[PDB]
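Order of the sequence lines fixes the chain letters, A, B, ..., with proteins taken first and strands second; residue numbering starts at 1 for each chain. Heavy atoms only: backbone and side chains are in, while hydrogens, waters and symmetry mates are out.
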Protein chains: 20
Amino acid sequence: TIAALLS
Amino acid sequence: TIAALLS
Amino acid sequence: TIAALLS
Amino acid sequence: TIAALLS
Amino acid sequence: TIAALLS
Amino acid sequence: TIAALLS
Amino acid sequence: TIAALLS
Amino acid sequence: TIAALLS
Amino acid sequence: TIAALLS
Amino acid sequence: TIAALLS
Amino acid sequence: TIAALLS
Amino acid sequence: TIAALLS
Amino acid sequence: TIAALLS
Amino acid sequence: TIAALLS
Amino acid sequence: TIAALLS
Amino acid sequence: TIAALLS
Amino acid sequence: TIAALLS
Amino acid sequence: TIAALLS
Amino acid sequence: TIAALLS
Amino acid sequence: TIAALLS
């Protein structure tokens with residue numbers, strides 16, 4: 001699993 | 001903004 | 001089970 | 001926004 | 001089961 | 001917006 | 001079963 | 001905006 | 001399944 | 001499964 | 001923000 | 001079990 | 001901030 | 001900002 | 001068990 | 001497991 | 001700050 | 001700021 | 001386990 | 001500031 005947020 | 005879920 | 005919230 | 005449930 | 005909301 | 005349920 | 005709303 | 005669900 | 005919205 | 005939102 | 005539960 | 005909050 | 005519990 | 005969970 | 005708070 | 005926040 | 005308990 | 005938990 | 005905060 | 005726990 002990968003959960004990512006690039007902001 | 002980049003949001004992702006990979007499973 | 002995978003639960004996620006990304007904001 | 002991403003809201004997810006994989007079950 | 002896969003549930004998702006993307007907005 | 002995308003709302004989805006795959007079951 | 002596949003349910004989706006795209007708007 | 002790009003929204004996608006792939007399963 | 002693919003559900004997508006490009007806007 | 002991949003759920004993504006690029007905004 | 002990312003809130004996740006992998007179980 | 002993996003629980004995480006990232007903000 | 002990161003709050004995590006791996007169990 | 002970069003947030004990620006990899007498991 | 002691993003519990004952590006990083007701020 | 002890797003949980004990271006680069007800000 | 002880091003507060004951790006590895007048990 | 002860089003916060004990480006690796007386990 | 002590695003828990004780190006570089007600030 | 002650098003804080004780390006390695007175990």
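Residues satisfying the side chain to side chain contact (heavy atoms under 4.5 Å, CB included) test with I:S7, not counting sequence neighbours, are H:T1.
Annotation for K:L5: hydrophobic cluster partners, listed by chain and number, are none (ILVMFWY side-chain heavy atoms under 4.5 Å, direct or chained). Here A:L6 sits in one hydrophobic cluster together with B:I2, H:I2, I:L6, J:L6, N:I2, P:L6, R:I2, S:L6, T:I2; the rule is ILVMFWY side chains under 4.5 Å apart, joined directly or through other members.
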